[PDB]
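Some notes on the structure that comes next.
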Amino acid sequence: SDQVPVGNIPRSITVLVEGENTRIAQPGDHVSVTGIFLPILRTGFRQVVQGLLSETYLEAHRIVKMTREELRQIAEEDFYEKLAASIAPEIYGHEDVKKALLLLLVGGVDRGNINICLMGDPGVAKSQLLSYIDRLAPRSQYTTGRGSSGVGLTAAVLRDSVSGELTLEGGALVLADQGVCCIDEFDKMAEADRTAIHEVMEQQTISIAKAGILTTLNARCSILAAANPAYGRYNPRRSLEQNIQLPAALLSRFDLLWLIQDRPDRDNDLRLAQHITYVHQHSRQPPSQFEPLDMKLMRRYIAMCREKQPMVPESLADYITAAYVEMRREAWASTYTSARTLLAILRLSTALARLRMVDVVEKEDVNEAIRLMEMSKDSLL
Amino acid sequence: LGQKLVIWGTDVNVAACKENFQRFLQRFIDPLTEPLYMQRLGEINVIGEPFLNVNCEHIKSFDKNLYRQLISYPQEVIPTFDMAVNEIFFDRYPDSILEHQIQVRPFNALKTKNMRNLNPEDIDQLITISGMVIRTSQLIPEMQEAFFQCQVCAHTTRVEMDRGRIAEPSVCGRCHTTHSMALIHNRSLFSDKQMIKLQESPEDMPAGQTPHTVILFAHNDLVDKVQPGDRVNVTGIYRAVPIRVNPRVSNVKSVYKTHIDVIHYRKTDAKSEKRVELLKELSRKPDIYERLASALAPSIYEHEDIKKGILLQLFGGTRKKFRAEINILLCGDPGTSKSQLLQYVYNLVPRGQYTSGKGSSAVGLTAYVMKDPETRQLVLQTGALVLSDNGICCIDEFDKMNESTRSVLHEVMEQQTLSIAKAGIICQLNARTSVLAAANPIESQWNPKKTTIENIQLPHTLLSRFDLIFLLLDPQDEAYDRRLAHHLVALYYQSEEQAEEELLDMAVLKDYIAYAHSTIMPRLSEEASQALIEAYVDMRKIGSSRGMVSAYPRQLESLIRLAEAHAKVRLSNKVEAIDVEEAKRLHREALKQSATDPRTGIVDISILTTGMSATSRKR
DNA sequence: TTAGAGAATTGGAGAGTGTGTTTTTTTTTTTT
DNA sequence: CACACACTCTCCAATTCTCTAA
Ligand SMILES: [Zn+2]
């Protein structure tokens, strides 16, 4: 797209692939193809119709596609906060939100997806945070809840009328299948999109029709939702469902609910302004008095982390029970707490056990889950 | 001659292959004792089926080379195995009669390939692949013998299909007229054929890829054995055929279209007097009613009366307007146990259905007419209420169904029929369905300042049709929360022994309900009649206070239904006072939960009309 | 008297000729 | 258009008619 001339539709070329060159490419991949540019010599009625003109194809000949010291660095017990700092140094604060986002990329015990949602006003750096997760994550998508003229959250069926053969393609949820799907302005989704996300939350697959007949199509992505108030800046006097205007059947699915509220603050505004001005002046982030970890190394870390498979012991189950009932007392006295809350804290504790890279959970895991849920509610309050 | 036959350009001798397969049939006694497949050929004599299923693993273990020849050259080897089996079936049991020659059906138990990795080197091999059926075509009649008749002199002849073509006679042997032999289509002979489109299973797909698909063709006696949506390991020959560029021109595209010539299906996701005496003994067990109500939905906690009402619904009343279908409504906050309970219970009964009240439902509540896509003709697609004509219909998110759906559901619940006058079709479909419902509050939470009808915003014209209405909100008690948390921890620690116990309970519960449906027909005893009349008169005597109405006769009919259901639970076949008192208890508890005005408690007018007296006296 | 070789008549195989071949805007009624 | 129906037209040769020898 960034090589097309200004006022033009992108051009396309048919490539015919034979022998061992087959199965090298996949849809959405970036390739360079060495091949012979040739005309398609059709037969019969098409010959007299086309005359001296002819369609063309590229006869493909070659297709090309465009650690223990590090583990000791990971072994430094700072690594949790080191990673949280490495997450988006362009955004100050919200460090516990960054920890929650880390656990989103880690996931719990296999269910397992830590779906989270973070509401805010327009321009609050909410979109910037979601963009960072989309860039960091190995398999991901970034889209708007509204109304896109592209392929929707679900896949769609294209026609390709030179052949006329209808084929399924894309879908943000489908393309994000094993990873995380980021949705901007989740509140502005259509009802079809809301039901599609509901189906994903329920059973992690969607239904779509090719030619009247229909299939099931697989998508187990975690959802990272960003939503606006229905009108203006968020007012804490109004409850979240009434303010954001989303049904509770969807809004309760997310394990953590954060409110990225923005208000003036002189020194932080000046720091932010200095950051933005340096970015414009030098096209790069200014030095931050620390070095972010390499994203490839973070990907390696979370991969070997996700390969660990924790399990809870019975004493920690009793601890979960006590913490859950006390938290439900607090919620009842101030109601968006249910059995899903117990399952959420279990998921987050197993996610932190994965982060610690140990096959059994511990008291710090349940403490982290409890405080993260509590302080997300505090951020909302 | 058999000994002179060899597969073309292959050096595999047909007679040797036949004799080796006969040796396999003779000697294979050891699947882990007569030979297993000769036991099956003993069974086939009385069973009468025209096929013999054989395992390619068994053939491989008996002889590697025979298995390799089968896999490499099925087109010749499988007919050779058929000839071997039909020779053995008259060497043994020589006096037997069977309407067709036996067809051997080899299969490997597991997939040899996945459909993404099929290659031209696999053409004409025997393969087996796993997949889910997307569509299943009409039964195609495929010709196997062409019957020709002379238009002049009525002389007839028959000619075999060569390779799909016909050797048309060109001149009549009995009168020598050229071009006089005409194909009589309905005197010709045809076999069954069907096209099946198979998609790879979701777990087998790569990350985020759209499905690949393959075309299957299933012929006579194996034709209609699979339906859309099911899963199968399908064994067949990977064919490659040319496709013509245009229907009127014999030029063919260089790229060949491929399909699976199906040989064997194995469905992988579909799955007595001893049962009768076990159920009969279990019916005499003490508190069997509580036992079965507790067996319902093991994952759900404490909802005793809700499960009891669901049990009585699943048993139902006495069939013979005398509607015996019990209607149940579950009511509570979103995310609570009611949706899980519906999704559990719909598969616990035959003829059951589950659907959403919203427009995203896969099968709608209303009947409609659509163009069938594979043939573009009109088809009357009936709704879930009609498809569940003698079962439970589980309607989730009941509250927010649109007005037309509300009206047609009112019609179904009152009349037990669904009338349609859509596209020239005029008919009144039967729907004797038991409606089980799950309704949310209009806002995110239950509002104790308001009663059920005002919270959920459903009409009284629908709410009065329900036999029982239950509230599924949880108490705010710390004891309740702690017990629920311990229960959920136990669910997390659920293991294989608990799974087997739960599945045993599920199996006996299904069998018990089906048997009670099949044989039990409760009828009124004199004490039952007196108790029912007394119950209605007593609950009407409450109306002496405040000059109000406290009951209405459909409450009595509801109690009759519930009493008959309870008698059917205990297999009495006569309903008496024990059943009537349980019916009264559960019905009164349902009204206590549902019809409670916050200002004065239970009041019957809440179900008859919206806006109870404490609300309506504002004006 | 019966059977084979040379000449005559007509069937039809083959060559040539002629002909045939989803996706956007605007409206209308009814659904909420 | 280049690949299939439908029709006409041409000469080859397949079978019978007639004369002769065995
Ligand atoms: Zn004839």
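Cβ sites come from the backbone with ideal geometry, for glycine too, and all protein chains shown count toward neighbours. Computed from the coordinates by the stated procedures, all read-outs in this text should not be read as laboratory data.
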**OP:** Please give the number of the condition A:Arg347 fails out of (1) within 21 Å of the chain's Cα centre (by Cα); (2) more than 12 Å from chain B (Cβ to nearest Cβ).
**Re:** (2)
**OP:** List every residue pair whose Cβ atoms sit under 8 Å apart, with the two residues 6 or more apart in sequence or on different chains, where the first one lies in region A:153-166 and is over 16 Å from A:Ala209 (Cβ atoms) and in a loop (DSSP other than H, G, I, E, B) and the second, anywhere, is near DNA strand C (Cβ under 9 Å from one of its atoms) and among the aliphatic types (A, V, I, L, M).
**Re:** A:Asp160/A:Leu166
**OP:** Six or more apart or on different chains, Cβ under 8 Å: which pairs go from a residue in region A:38-49 that's within 13 Å of chain B (Cβ to nearest Cβ) to one that's within 11 Å of DNA strand C (Cβ to nearest atom)? Could you list them?
**Re:** A:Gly44/B:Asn246; A:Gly44/B:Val249
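Here is a check on your reading of the model: is B:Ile442 β-branched (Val, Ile, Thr), buried (at least 21 other Cβ atoms within 10 Å of the Cβ) and on the phi < 0 side of the Ramachandran plot?
Answer is no for this residue.
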Subject >> Pair list, Cβ under 9 Å, 6 or more apart: region B:231-249 residue within 14 Å of chain A (Cβ to nearest Cβ) and closer than 17 Å to A:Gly44 by Cβ, other residue away from the ligand (no atom under 16 Å from the Cβ) and among the small types (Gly, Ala, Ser) >> reply: B:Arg244/B:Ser250; B:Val245/A:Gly44; B:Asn246/A:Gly44; B:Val249/A:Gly44
Subject >> Residue match in region A:234-257 (condition: more than 8 Å from every other protein chain (Cβ to nearest Cβ), buried (at least 23 other Cβ atoms within 10 Å of the Cβ) and part of a strand (DSSP E or B)) >> reply: yes
**OP:** Determine the pairs where a residue that is more than 14 Å from chain A (Cβ to nearest Cβ) and assigned to a strand (DSSP E or B), located within region B:165-186, has a partner that is within 16 Å of DNA strand C (Cβ to nearest atom) and of a type in the set (A, V, I, L, M) with Cβ atoms under 6 Å apart, the partner being 6 or more residues away or on another chain.
**Re:** B:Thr178/B:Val171
**OP:** Return the residue satisfying two criteria in turn: it lies in region A:40-62 and is within 10 Å of DNA strand D (Cβ to nearest atom) and charged (D, E, K, R), and of such residues it is nearest to A:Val15 (Cα to Cα).
**Re:** A:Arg42
Original post:
Looking at (1) surrounded by 22 or more Cβ atoms within 10 Å (Cβ to Cβ); (2) of a type in the set (A, V, I, L, M, F, W, C); (3) outside any loop (DSSP other than H, G, I, E, B), which is the one condition that is false for A:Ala84?
Top reply: (1)
**OP:** With respect to A:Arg266, determine if the residue is within 30 Å of A:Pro122 (Cβ to Cβ), within 11 Å of chain B (Cβ to nearest Cβ) and surrounded by fewer than 18 Cβ atoms within 10 Å (Cβ to Cβ).
**Re:** no
Original post:
If you check A:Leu316 against the conditions, is it closer than 18 Å to A:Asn113 by Cα, aliphatic (A, V, I, L, M) and assigned to a helix (DSSP H, G or I)?
Top reply: no
Original post:
Filtering region A:315-336 down to residues that are at the interface with chain B (Cβ under 9 Å from one of its Cβ atoms) and among the polar types (S, T, N, Q), which residue is nearest to A:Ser349 (Cα to Cα)?
Top reply: A:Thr321
**OP:** Looking at (1) within 15 Å of the chain's Cα centre (by Cα); (2) facing chain B (nearest Cβ under 10 Å), find the lone condition where A:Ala192 falls short.
**Re:** (1)
**OP:** Return a yes/no flag: does region A:268-285 have any residue that is more than 25 Å from the chain's Cα centre (by Cα) and small (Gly, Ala, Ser).
**Re:** yes
**OP:** For residues that are buried (at least 20 other Cβ atoms within 10 Å of the Cβ) and of a type in the set (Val, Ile, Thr), scanning just region B:96-126, find the one that is nearest to B:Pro206 (Cα to Cα).
**Re:** B:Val104
**OP:** Return yes when A:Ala230 is crowded, with 18+ Cβ neighbours inside 10 Å and either within 16 Å of the ligand (Cβ to nearest atom) or away from chain B (no Cβ under 14 Å) (or both) and no when it is not.
**Re:** no
Original post:
Tally time: how many residues in region B:357-381 are surrounded by fewer than 22 Cβ atoms within 10 Å (Cβ to Cβ) and under 19 Å from the mean Cα position of the chain (by Cα)?
Top reply: 5
Original post:
In region B:257-275, what count of residues is obtained for those that are part of a loop (DSSP other than H, G, I, E, B) and more than 14 Å from chain A (Cβ to nearest Cβ)?
Top reply: 4
**OP:** Quick one: in region B:190-215, of everything that is more than 25 Å from the chain's Cα centre (by Cα) and either within 16 Å of DNA strand D (Cβ to nearest atom) or of a type in the set (A, V, I, L, M, F, W, C) (or both), which residue is farthest from the other protein chains (Cβ to nearest Cβ)?
**Re:** B:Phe190
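Can you tell me which residue among B:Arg174, B:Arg187, B:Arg239 is farther than 15 Å from B:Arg116 by Cα, among the basic types (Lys, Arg) and under 34 Å from the mean Cα position of the chain (by Cα)?
Of the residues listed, the single one that is farther than 15 Å from B:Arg116 by Cα, among the basic types (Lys, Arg) and under 34 Å from the mean Cα position of the chain (by Cα) is B:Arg239.
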**OP:** Inspect region B:145-153 for any residue being of a type in the set (S, T, N, Q), exposed (fewer than 14 other Cβ atoms within 10 Å of the Cβ) and either assigned to a strand (DSSP E or B) or away from the ligand (no atom under 16 Å from the Cβ) (or both) and give the result as yes or no.
**Re:** no
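Counting just the residues of region A:161-189 that are over 20 Å from B:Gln199 (Cβ atoms) and acidic (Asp, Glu), which one comes out nearest to the other protein chains (Cβ to nearest Cβ)?
From region A:161-189, those over 20 Å from B:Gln199 (Cβ atoms) are A:161-164, A:172, A:176, A:179-189; that's our starting set.
Narrowing further to those that are acidic (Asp, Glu): A:184-185, A:187.
Details: A:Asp184: 20, A:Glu185: 21, A:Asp187: 15 Å.
Among those that are over 20 Å from B:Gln199 (Cβ atoms) and acidic (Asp, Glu), it is A:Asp187.
Here is a yes/no grid of residues against (1) among the small types (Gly, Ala, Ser); (2) part of a helix (DSSP H, G or I); (3) closer than 26 Å to A:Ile213 by Cα; (4) more than 13 Å from chain A (Cβ to nearest Cβ):
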site	(1), (2), (3), (4)
B:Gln340	no, yes, no, no
B:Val345	no, yes, no, yes
B:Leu378	no, no, yes, yes
B:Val386	no, yes, yes, yes
B:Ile395	no, no, yes, yes
B:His410	no, yes, no, yes
B:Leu418	no, no, no, yes
B:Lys422	no, no, yes, yes
B:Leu436	no, no, no, yes
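Check region A:142-149 and report whether any residue there is assigned to a loop (DSSP other than H, G, I, E, B), at the interface with chain B (Cβ under 10 Å from one of its Cβ atoms) and away from DNA strand D (no atom under 16 Å from the Cβ).
No: zero hits.
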Original post:
Which helices (runs of 4 or more DSSP H) does region B:1-120 wholly contain that include 2 or more residues that are farther than 17 Å from B:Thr235 by Cβ and hydrophobic (A, V, I, L, M, F, W, C)?
Top reply: B:14-27, B:36-47, B:74-91
Original post:
Which of (1) within 16 Å of DNA strand C (Cβ to nearest atom); (2) in a strand (DSSP E or B) is the odd one out, the single condition A:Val48 does not satisfy?
Top reply: (2)
**OP:** Of the conditions (1) within 14 Å of chain B (Cβ to nearest Cβ); (2) within 29 Å of B:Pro247 (Cα to Cα); (3) more than 16 Å from DNA strand D (Cβ to nearest atom), A:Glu20 clears all except one; give me its number.
**Re:** (2)
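Which of the residues belonging to region B:20-36 are closer than 17 Å to B:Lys64 by Cβ and surrounded by 17 or more Cβ atoms within 10 Å (Cβ to Cβ)?
If the condition is that a residue be closer than 17 Å to B:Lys64 by Cβ and surrounded by 17 or more Cβ atoms within 10 Å (Cβ to Cβ), then B:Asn20, B:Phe21, B:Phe24, B:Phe28 are the ones that fit.
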